[PDB]
């Protein structure tokens, strides 16, 4: 088990979701960025683990579940078994991380990526240890019903650059955004 990372795309009004969908129209390269960041393992024979909440899970198009090339884990207290397509389910982020140490996952998992939503993000951000936040700042306001918790700038440092990540402004569909990487080690 390697790094603990969160990854999120967030609007200017701190929005991340709207009606079980993204607040903004599809941004192809933001998507490609998400896919390549979450899928790419730094170790041969190992896959990355994606941890998501139930709503995030069901917001993903059925034909794209589970997230290809990655081990999918769903967080929920109501579900009695992993949803169709998933094989792992945990009552909390802490339980999931503890699960990553058991033999069934211990030697198969490289990086751990939290991919939403709000309360998963919260729990992760407040979790102790080396944590990295990959935050796409979408430089525009969008109507949202789900929100990204504010980053404690007394715990986190904003990195000026991160390896493999471009720090310049991106633009698709008339929408400008930027890749940021925050870090804490406690």
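Residue numbers count along the first chain shown, from 1. The term rigid core refers to the maximal set of C-alpha atoms that superpose within 1.5 Å between the two forms.
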Could you tell me which of the two stretches, 47-55 or 157-165, has its Cα atoms lying farther from the shown structure in 7 other deposited structures of this protein after fitting on the rigid core?
157-165
Rigid core superposition, C-alpha RMS per stretch in 7 other deposited structures of this protein: which comes out larger, 60-68 or 132-140?
60-68
Comparing 87-95 with 104-112, the one whose average Cα B-factor in the PDB entry is higher:
104-112
Can you tell me whether 27-35 has a higher mean C-alpha B factor than 59-67 in this record, or the other way round?
59-67
Taking the values straight from the PDB record, which of 136, 118, 126, 48 has the highest C-alpha temperature factor?
126
Using the temperature factors of the C-alpha atoms in this entry, rank residue 172 within its chain: lowest, middle or highest third.
highest
For residue 180, return the chain-relative third of its C-alpha B-factor as stated in the PDB record: lowest, middle or highest.
lowest
Using only modelled residues of the chain, where does the Cα B factor of residue 141 rank: lowest third, middle third or highest third?
middle
